[PDB]
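Before any comments, here is the structure.
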Amino acid sequence: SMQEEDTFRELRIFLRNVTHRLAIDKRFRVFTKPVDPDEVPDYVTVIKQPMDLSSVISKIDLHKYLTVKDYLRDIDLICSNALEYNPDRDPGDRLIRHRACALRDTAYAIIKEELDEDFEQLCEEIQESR
Ligand SMILES: COC(=O)c1cc(N)cc(-c2c(C)noc2C)c1
Ligand SMILES: [Cl-]
């Protein structure tokens, strides 16, 4: 219905705002664009599903997220990819892992504070009905 399309449009608006707030945070700069193959050529061979915040914005706009849970799966993938690819003890790896965990935790905390659980539930029920 038009009511349902309005619900998904509101979801997109909400997700874009959250993603923008993550993307402008200087700690998360490394997650704002895909990893550069020129710089890291083995990335695309090791990490099977690359994800970054620009790709997340693209996916919102393509209506790929019908629930906050679908969205958080991609935030989680940004984080898990960084933990997997940078697992070492050295400071460079430890810094990126800390930032990756912060990205994930920040996204979850924004959603916890600002998403009404009944709004998420409605999205889930519309999605499940399709
Ligand atoms: C576009 O992404 C970057 O600018 C960038 C920069 C650094 N220093 C590391 C990484 C990176 C990520 C994210 N995951 O593994 C590496 C290496 C990406
Ligand atoms: Cl830095």
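These numbers come from the heavy atoms of this one structure, side chains and all, not from hydrogens, waters or symmetry mates. Whatever order the structure lists ligands and atoms in, that order sets their numbers, starting from 1. If you read the sequence from its start, that first residue is 1, and numbering goes on from there.
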Report task. With sequence neighbours excluded, tell me which residues meet salt bridge (charged side-chain N to carboxylate O under 4.0 Å, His left out) with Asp76. Result -> none
**Report entry** side chain to side chain donor-acceptor pair (under 3.5 Å) against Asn81, all qualifying residues, sequence neighbours excluded
**Finding:** none
Report task. Tell me, please, which residues at least two apart from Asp38 pass side chain to side chain donor-acceptor pair (under 3.5 Å). Result -> none
Just list the N/O pairs, ligand 1 to protein, that are under 3.5 Å apart, with the distance for each.
unit_1	atom_1	unit_2	atom_2	d
ligand 1	2 (O)	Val30	O	3.0
ligand 1	14 (N)	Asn86	ND2	3.4
ligand 1	15 (O)	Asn86	ND2	3.0

Query raised in the report: Does the distance from a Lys or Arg side-chain N to an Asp or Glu carboxylate O, for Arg21 and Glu114, drop under 4.0 Å?
Result: yes
Query raised in the report: What's the shortest heavy-atom distance between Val56 and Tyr65, and which atoms?
Result: O-CE1, 3.6 Å
Query raised in the report: At their closest point, which heavy atom of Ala100 faces which heavy atom of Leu83, and how far apart are they?
Result: CB-CD2, 4.2 Å
